[PDB]
Number of protein chains: 2
Amino acid sequence: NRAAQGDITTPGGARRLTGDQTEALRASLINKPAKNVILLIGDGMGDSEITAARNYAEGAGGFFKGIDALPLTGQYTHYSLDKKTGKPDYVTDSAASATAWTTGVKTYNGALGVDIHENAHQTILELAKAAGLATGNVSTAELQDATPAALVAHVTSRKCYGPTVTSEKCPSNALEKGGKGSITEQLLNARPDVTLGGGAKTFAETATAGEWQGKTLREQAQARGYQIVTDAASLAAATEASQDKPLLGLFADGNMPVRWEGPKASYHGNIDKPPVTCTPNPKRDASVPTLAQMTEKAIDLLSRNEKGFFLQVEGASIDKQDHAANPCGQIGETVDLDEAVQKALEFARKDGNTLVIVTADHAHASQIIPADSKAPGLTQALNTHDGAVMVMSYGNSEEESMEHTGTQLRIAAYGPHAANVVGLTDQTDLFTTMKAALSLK
Amino acid sequence: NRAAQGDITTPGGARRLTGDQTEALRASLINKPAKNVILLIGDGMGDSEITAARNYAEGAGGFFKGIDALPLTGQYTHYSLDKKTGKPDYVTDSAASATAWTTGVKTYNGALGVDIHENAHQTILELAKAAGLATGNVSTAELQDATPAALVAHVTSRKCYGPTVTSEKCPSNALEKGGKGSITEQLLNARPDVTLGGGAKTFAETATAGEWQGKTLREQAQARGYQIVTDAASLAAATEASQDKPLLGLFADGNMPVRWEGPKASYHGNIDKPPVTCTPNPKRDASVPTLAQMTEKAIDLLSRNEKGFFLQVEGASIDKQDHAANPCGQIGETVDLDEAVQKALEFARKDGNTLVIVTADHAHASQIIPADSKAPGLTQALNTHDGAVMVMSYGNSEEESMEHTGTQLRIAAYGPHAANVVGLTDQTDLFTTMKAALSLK
Ligand SMILES: [Mg+2]
Ligand SMILES: [Mg+2]
Ligand SMILES: [Zn+2]
Ligand SMILES: [Zn+2]
Ligand SMILES: [Zn+2]
Ligand SMILES: [Zn+2]
């Protein structure tokens, strides 16, 4: 437990530590190989996002049972590259950062699974599958979005979701030009044991060449032996996932609906509007599985493989709500990731042979600022679990979408080989860390 | 070494790790007590400040040989309390935050060395001295400013620098009303072996009561045996510091001059003005010692005490230049702090019995955002060590000064008891860690 231990008005009362940690940390250091690796990504979940979500949902002196309970912690860098010159670009997008940890190569903003020369590099999922490990790719975004797509697709622009855009924007990747295909075509070739998220929209496009030309991508997936589930009940009813019968979960046309709702932040919103209590998203239905449900089911089905498994889990809309200057949307998706981390840690503690890693692809806009601030951007006051007011601020864009930020951010881990996230590391180290933990050549 | 290992455009080339760190970290976990503690504080130096300075002066794949070199890393929370309600205040000031790590109790914004009931608590420096340890307090700020003051003074408001203001703003602390005195009077009573910094102006005020009534505080300090020095030559000439001959360095009227200058960030500054190259401060005379030179001399003199020592060093003007939306001033003082951390780590590695800690009191406003951003606040484009353009942004205040921010931020450590900074901790845990490290009761 790392909650405040007592009365925070008294000496010692706000300590998170009960005593010396050296021996416990010593025991947390395990050099043996990992049998399984679970990587959980909060898109845009920098330290500010964690801190704001903790303050709101757990209180300042509270504790995230998942996100905050991983004992080995460091900071890593996620800068990308300018495509033409190869020099650093200090603020990455989602595609170049995912490429970094899935392949170990830096690349340009928007690239998926290729380097600045447009050369494809093998991903951690492809390597694990080549060694006979089971593989899983779970997200609350559309499955074609950068973060899950990077594990399975190699294209020159993250926009190349299906055949139609790929033909126009990634012509060397287009199937009718001899390429590997759109992101969705390449997903279906990669064939993870378990693929769960949104993005049904693109599966109604039809292939332009190949053995399944004329068919919709959904028809292709059906014909190639995928079992398709579409809601929480059908997901719960799945009992196996394998290369013979891979599980594909398509739970929404686009991204799946976020959990919480609130007003967008506004100019002088902390001043001229009352404090906010987050409420449920009315678009959110219980027929749609939560991130925790798909994480627990993925772990269940992947753990039947005797050689072990690799699973990536993305809480994807932390970032997208941060872009839209919506603190309630953003915080809710961070609470949502915490519930998934809890599922991974619960499995990993009883298993004893699982490396769990929790981090973000890059940092984002939101800032915690004083309640009486007069700021030039969008702000909002929130009623927290402490019974106090917190103000969040989005101050780095005058356009519709807030910007990513370049700050280094927390990476945390539990289990074998977790020591390799401590100190200052780079996002491309994370690839090598998971390759080595799983003993992959 | 944690710089990128090779050509950042190639696979593996941006990695900061050369191999598995499990065994190396296990060796870094030391359980024995510490003989000495060096705490280095970057005022306002959150993860964003660290990253921006590294990008600028070392390159994105570079490595701060001090700041980035400490192997045990965590994130800690620094929220303060509302004075009336005792609930969390999610964005602290310098005074409450310093009180937290110097006394182990949370307090209200503006308080020094007292709790929300205005009652005093003993500091790590007072406890060290009482146990027989040598003590030192070094800052580039006025010695009356919140960060150094917290080690030696207990006053209901940080404004109470000298007698004049204490009588008006802190009447219960004023000497003539039976209090323990202004910050400067309490400093002289506290009598560290080594106190170095700015703030000579307040020493020209005269005490209103006491044994030194009618004398200036500078006159009082001479009368009580302090050895006063005022430039680099007189500092380097000092051969010892003790309770019989405590060393008092007053190197500036107010704050010590910053190392670097540049233009203030401005509205659309990254669009409408060319990128900036920071230049050294032309007003900074060579006779003014640097933070690194004060640090090394403090260690030299404090290490003569066989029982051990406690030393706090602050790079104070990171925060001040952050407030002023001045990236060059801000980055210069981070580079400055890195040189002082090098001095501490070089001593600590040969000594073997020294805990070194590097962190901040709270986070700040500056963000790294995309080069082509159109932001509502103040921005600036900078030419970096990489030959690429960085943009920094101050978007959280329309007032004359930018606001602190509430995000958790990095704490890193080296040497005995350093494991107690790993994971999620609280700023008040740092007090306990330092206290336990030194076996203080
Ligand atoms: Mg994403
Ligand atoms: Mg300070
Ligand atoms: Zn992203
Ligand atoms: Zn984004
Ligand atoms: Zn401060
Ligand atoms: Zn400040």
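Note: hydrogens, waters and symmetry copies are ignored here, and every other heavy atom, side chains too, is used. Each ligand, and each atom within it, is numbered from 1 in the order the structure gives. Naming: A, B, ... by sequence-line order, numbering from 1 per chain.
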Got a sec: is [X] within less than 2.8 Å of the Zn ion (ligand 4) via an N/O/S atom?
X: A:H323; result: yes
X: A:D319; result: yes
X: A:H362; result: no

Quick one: closest heavy-atom pair of A:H404 and B:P370, and the distance? O-CD, 3.7 Å

Do [X] and [Y] come close enough that some side-chain heavy atom pair is under 4.5 Å?
X: A:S80; Y: A:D93; answer: no
X: B:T147; Y: B:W101; answer: yes
X: B:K106; Y: B:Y79; answer: yes

Of all the N, O or S atoms in B:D43, the one nearest to the Mg ion (ligand 2) is OD2

Nearest to the Mg ion (ligand 2) - the N/O/S atom of B:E314, by atom name: OE2

Could you state the interatomic distance from NE2 (B:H364) to CG (B:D47), rounded to the nearest 0.5 Å? 15.0 Å

Are there over 12 heavy-atom neighbours, none belonging to A:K83, within less than 6.0 Å of that residue's NZ?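 It does: A:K83 NZ has more than 12 such atoms within range.
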
Is B:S94 close enough to the Mg ion (ligand 2) that one of its N, O or S atoms comes in under 2.8 Å?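 No, outside the cut-off.
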
Within less than 2.8 Å of the Mg ion (ligand 1), any N, O or S from A:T147? yes

